[PDB]
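S.K.:
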Ligand SMILES: CCCCCCCCO[C@@H]1O[C@H](CO)[C@H](O)[C@H](O)[C@H]1O[C@@H]1O[C@@H](C)[C@@H](O)[C@@H](O)[C@@H]1O
Ligand SMILES: CCCCCCCCO[C@@H]1O[C@H](CO)[C@H](O)[C@H](O)[C@H]1O[C@@H]1O[C@@H](C)[C@@H](O)[C@@H](O)[C@@H]1O
Ligand SMILES: O=c1ccn([C@@H]2O[C@H](COP(=O)(O)OP(=O)(O)O)[C@@H](O)[C@H]2O)c(=O)[nH]1
Ligand SMILES: O=c1ccn([C@@H]2O[C@H](COP(=O)(O)OP(=O)(O)O)[C@@H](O)[C@H]2O)c(=O)[nH]1
Ligand SMILES: [Mn+2]
Ligand SMILES: [Mn+2]
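Protein chains in written order, with the entry's author numbering: chain A, 58 to 354; chain B, 58 to 354.
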C-alpha cells in the first residue's frame, strides 16, 4: 500500500549523515524543484528498505515484448530477479502478441508474472508509441487494484546491479545516457511548434529517456494517458514527433516536474558510451541489437 | 488544497540545471533517505511558487506569545509580512493568554490572523512543552478544516529574508544552529533510558531545533500528539527531558524521517554564532533577550 502517513522505524545503526560533507561533489543531486536525483552515494538503502517494507509496497514492472522482442525476455526477467526490488513484492507485466513465447523463469517468493496479450503494430514506431495507450488502459483494468507503483521500461535491456526502492516516488523520469551532460539546445526535443511535444531551445531541464519512467499507479496513469492523447492530436495533424513516445514523455515531464529523477546509472549503454567515472554503478543497461533486423520480419 | 496529483506548469524561462555541477560543494543537500536539505542555491523559487500557487496553498503559522512574550509579537508579525510565504494564502495563529495585548499589525492581501486564547503555565519549560498539546488540540479543532500546511515556530524571532514554499512538505524539521556541524555523540539528545525521549550515542541523524518544524496538518497533528503523549509518560515517571519539547521532537524525527530538512538559514542566532560562510542567507533569526527576566515576573 502507499501509506498516508510517515512510518515509524525501529532503532537502526548506520553512519551519521555529515552536514558539512557533500554526498557527491561531482554531480547535481537535487533538482531546482527539490526532487532528489538518484546517484550511488546519495541514499542509505537500509533506511529506504525499512520505510517501504513497513508499507508492504508492491511494485509493478511493465515491459513490452512484441514480435521479435520476445527474445529479450529471458535475460530481462532473470536479471530482474537478481537486481530489481529484491525483498519487496513485485508483479511483472509482460505485454506481448505471443503469450506462448514467454520464457519460463523461476521467481522468488512474493514475485509474480502476468502476460497481457495485446496487438502488434506494423511499424516499430507505432509499437513503441502505443505503449502509452496500453499502459494507460491497463492502469484502469488491472494496475490500480494490483500494485502501488509502476515502473515502465524497455525489454532490450538487462539489470547488472541494484535497482530498488530508492527510485520510488509519485512520478519519476530518468536522465537519458546520451544527454546527461548536454546543454538544453543539444537536447533532441521535438522542435516543430506544430507538435504537441514542442519544446523551444530556451526551455527544458533534462532530456529524459523513454526507456525508463514510472511513479504511483495514479501518476503513471495520468502521464501515459496524456502522452497518448498528445500523440493522437499530433496524428490528426499529420505529425509524428522526432523521438516518438520519448518526445511526448519529455514534454510531459517539462510541465509536470518529476518528484525524483534517476541518474544514468539507471539507463545506460556500455558498448556505446563506456563507463565514465561519474557512474559508480551500472544498474540497467542496453543489450546489443541489430535494430533493422529485430524490428522487421 | 494539497492536490492529489502533480500540477501542470506554464512555459517558464530560467537557467538550465547542470547535471555535472553540484549546486553546493560545501554542504549536504540531500539526506540518506532522499529528503532535500534546504539551502540557498538548491531551489528555483519561481518554479516552486508556481507549483504551490496552482494548488491554492494555504499555510498556517503557529506562534505562542504567553505572559511577557507578547512583547515579541510586533516585530515577529511585521517581519513575517515582509518575508514569509508572500504571494500565498497565510493564516497566522497566535496562541496567547492576553488577547488584548496582541499588537495591531497591518496584513497584506490573502493573509489573516486568528487569536487563540490559552492558559499560561508558571514554568517557562511547561509553557514551551505544552505547545505540543496545544498545537495538537487545535489541529483537530481548526487547522484540519482551515489550512494545508502548518509551520510551528518560536516568537522570540524575526524574519530577515525569504522563507517560502520551498519548506513545504509532509513533514519537516530544521537543523539547530548550534549543532549542525556536530557529531551525533555530541548532540544534546536525552540520554537517560528512563525517558521516552532517550536516544543512545550510536543513533541520530541530526539535531533538530524545537523552534521551527512543520508539515501537512495531518503529520503535524501526529508529531505533536506523539510528543505530548511522550511528555506525559515521562511526567508520570518523574522525569523531564533535558531539552524538553525539543528532546521529544528529536526522538520523533529520528524514527519518522522528515521529508525535507531545513538548513540553519531558517533558524539562526547571529549574536551567538555570527554569520558563517556556509550561510548565504540569514532568514529567521533570534531577537536578543534576557532569558531570566523575560521568563519570570
Ligand atoms: C549530444 C549527445 C550525442 C550522442 C547521443 C548518443 C545516444 C543516442 O541514443 C538515442 O537517442 C535518441 C534521442 O536522441 C533516442 O533516445 C534513441 O532511442 C536513443 O538510442 C537508443 O539508446 C541508445 C543509448 C542506444 O542504446 C541505441 O542503440 C538505442 O537505439
Ligand atoms: C557544541 C555547540 C556548543 C554551543 C551551542 C550553542 C547554542 C545552544 O543553543 C541551545 O541549545 C539547546 C540544546 O542544546 C536548546 O535548543 C536551547 O534552546 C538552545 O538555546 C536557544 O537557542 C540558541 C541558538 C540561542 O538563541 C539561545 O539564546 C536560546 O536560548
Ligand atoms: O518490434 C518491436 C519494437 C519495439 N518493441 C518495444 O519497444 C521498446 C522500444 O523499442 P527499441 O528498444 O527498439 O527502441 P530503442 O531503445 O532502440 O530506441 C522495446 O524495448 C520493446 O519493449 C517491441 O516490443 N517490439
Ligand atoms: O514565558 C514564555 C516562555 C516561552 N514562550 C514560548 O515558548 C517559546 C520557546 O521559549 P524560548 O524562546 O524562551 O526558548 P529558547 O529559544 O530560548 O530556547 C517562545 O518562543 C515562546 O513562543 C512564551 O510564549 N512565554
Ligand atoms: Mn530499447
Ligand atoms: Mn526561542
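Beta carbons: idealized from backbone N, C-alpha and C, even for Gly.
Can a CB atom of chain B be found closer than 9 Å to the CB of residue 206 of chain A?
M.R.: Closer than 9 Å: no.
S.K.: Which residues, in chain order, sit with a beta-carbon under 7 Å away from any heavy atom of ligand 5?
M.R.: Result (chain order): A:211, A:213, A:214, A:268, A:343.
S.K.: I want to see whether chain A comes within less than 9 Å of residue 259 of chain B, judged by CB atoms only; does it?
M.R.: It does: the Cβ of residue 259 of chain B has a partner Cβ on chain A nearer than 9 Å.
S.K.: Return the residues of the segment 66–87 of chain A that lie within a Cβ-Cβ distance of less than 9 Å from chain B, sorted by chain order.
M.R.: Against chain B - using a Cβ distance shorter than 9 Å - the residues of the segment 66–87 of chain A are 66, 67, 68, 69, 70, 71, 72, 73, 74, 75, 76, 77, 78, 79, 80, 81, 82, 83, 84, 85, 86, 87.
S.K.: What's the call for residue 233 of chain A, buried or exposed, on a 16-neighbour Cβ count within 10 Å?
M.R.: With 16 or more Cβ atoms within 10 Å of its Cβ, residue 233 of chain A is classed as buried.
S.K.: What span of residues does the alpha helix (DSSP H) with residue 309 of chain A cover, start to end?
M.R.: That run of the alpha helix (DSSP H) goes 301–312.
S.K.: Could you pull out every unbroken alpha helix (DSSP H) segment of at least 4 residues lying fully inside the segment 310–334 of chain B, listed in chain order?
M.R.: Counting only runs of 4 or more, we get 327–330.
S.K.: Leaving aside the five residues before and after residue 352 of chain B along the sequence, list all residues of the same chain whose C-beta is less than 6 Å from its C-beta, in chain order.
M.R.: 181, listed in sequence order.
S.K.: Which residue marks the beginning of the alpha helix (DSSP H) containing residue 232 of chain B, and which one marks its end?
M.R.: Here residue 232 of chain B belongs to no alpha helix (DSSP H), and DSSP marks it neither H nor E.
S.K.: Quick one: what does DSSP say residue 269 of chain B is sitting in, helix, strand or coil?
M.R.: Here residue 269 of chain B sits in strand by DSSP.
S.K.: Please report whether the beta-carbon of residue 305 of chain B lies at a distance below 9 Å from any beta-carbon of chain A.
M.R.: Not one chain A Cβ lies under 9 Å of residue 305 of chain B.
S.K.: Candidates A:223, A:219, A:186, A:152: which alpha carbon is nearest residue 124 of chain A's?
M.R.: The option with the nearest alpha carbon to residue 124 of chain A is A:152.
S.K.: As a quick exercise: from B:210, B:328, B:113, pick the residue whose alpha carbon is nearest that of residue 168 of chain B.
M.R.: Answer by Cα proximity: B:113.
S.K.: So residue 317 of chain B and residue 92 of chain B are in contact, right, with Cβ under 8 Å, and what is the actual spacing, rounded?
M.R.: With a Cβ gap of about 5 Å, residue 317 of chain B and residue 92 of chain B count as contacting.
S.K.: Rounding to the nearest angstrom, what Cα-Cα distance links residue 284 of chain A and residue 304 of chain A in this structure?
M.R.: Taking the straight line joining both Cα atoms gives about 9 Å.
S.K.: Residues of chain B with CB under 9 Å from residue 108 of chain A, in chain order?
M.R.: Here the neighbours are 90, 314.
S.K.: Can you tell me the Cβ-Cβ gap for residue 140 of chain A and residue 220 of chain A, rounded? I've got them flagged as a contact below 8 Å.
M.R.: Yes, they are in contact, since the Cβ atoms of residue 140 of chain A and residue 220 of chain A sit about 6 Å apart, within 8 Å.
S.K.: Take residue 272 of chain A and list the residues in its own chain whose beta-carbon comes closer than 8 Å to its own, dropping the five residues that flank it on each side.
M.R.: Correct list, in chain order: 206, 207, 226, 227, 228, 229, 280, 315, 316.
S.K.: Report all residues from its chain with a CB closer than 8 Å to the CB of residue 95 of chain A; omit the five preceding and five following residues, and keep chain order.
M.R.: The residues are 223, 224, 317, 318, 319, 320, 322, 323.
S.K.: Using only CA atoms, which one of B:350, B:313, B:132, B:254 lies nearest to residue 186 of chain B?
M.R.: Measuring from the Cα of residue 186 of chain B, the nearest candidate turns out to be B:254.
S.K.: Listed in chain order, which residues of the segment 262–295 of chain A have Cβ atoms closer than 8 Å to some Cβ of chain B?
M.R.: Listed by position, the residues of the segment 262–295 of chain A near chain B (Cβ gap below 8 Å) are 262, 263, 275, 276, 279.
S.K.: Taking only beta-carbon atoms, is residue 97 of chain B less than 9 Å away from chain A?
M.R.: It does not: the Cβ of residue 97 of chain B has no partner Cβ on chain A nearer than 9 Å.
S.K.: Taking 8 Å as the threshold, find out whether the segment 71–88 of chain B comes into contact with the segment 71–84 of chain A through three or more Cβ pairs.
M.R.: Judged by Cβ distances under 8 Å, the segment 71–88 of chain B makes contact with the segment 71–84 of chain A, as three or more pairs qualify.
S.K.: Check whether the Cβ of residue 240 of chain A lies closer than 9 Å to any Cβ atom in chain B.
M.R.: Residue 240 of chain A counts as touching chain B.
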